[PDB]
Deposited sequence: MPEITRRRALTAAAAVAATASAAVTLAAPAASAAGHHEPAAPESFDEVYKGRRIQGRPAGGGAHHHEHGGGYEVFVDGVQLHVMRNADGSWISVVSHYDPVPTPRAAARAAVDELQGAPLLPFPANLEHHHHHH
């Protein structure tokens, strides 16, 4: 069962997640590759060695990583 959707402004940026593989995340409207691990944790392409518990946590980690920079689509 996929996680719930989310939508918030985090550090001045809009982060959105929704079930869709399986789940999509956007940062200011640009899609961010995210992936779920077998134990239920998540990563994103800009934190791909660093599991966090939820897709929102991965989106927030991406905003932290980007330090205000636009994301490029994958």
>> Which parts of the deposited sequence lack C-alpha coordinates in this model? Number from residue 1, please.
In response: 1 to 39, 60 to 69, 124 to 134
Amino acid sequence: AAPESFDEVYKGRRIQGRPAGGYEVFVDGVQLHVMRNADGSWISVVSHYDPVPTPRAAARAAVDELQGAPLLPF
From here on, numbers count along this sequence of modelled residues.
> Among the other entries that model both neighbours of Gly22, does it go unmodelled in a third or more?
Replying inline: no
>> Regarding 21 to 29 and 51 to 59, which shows the higher C-alpha temperature factor on average in the entry?
In response: 21 to 29
> C-alpha B factor of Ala38, ranked within the chain: lowest, middle or highest third?
Replying inline: highest
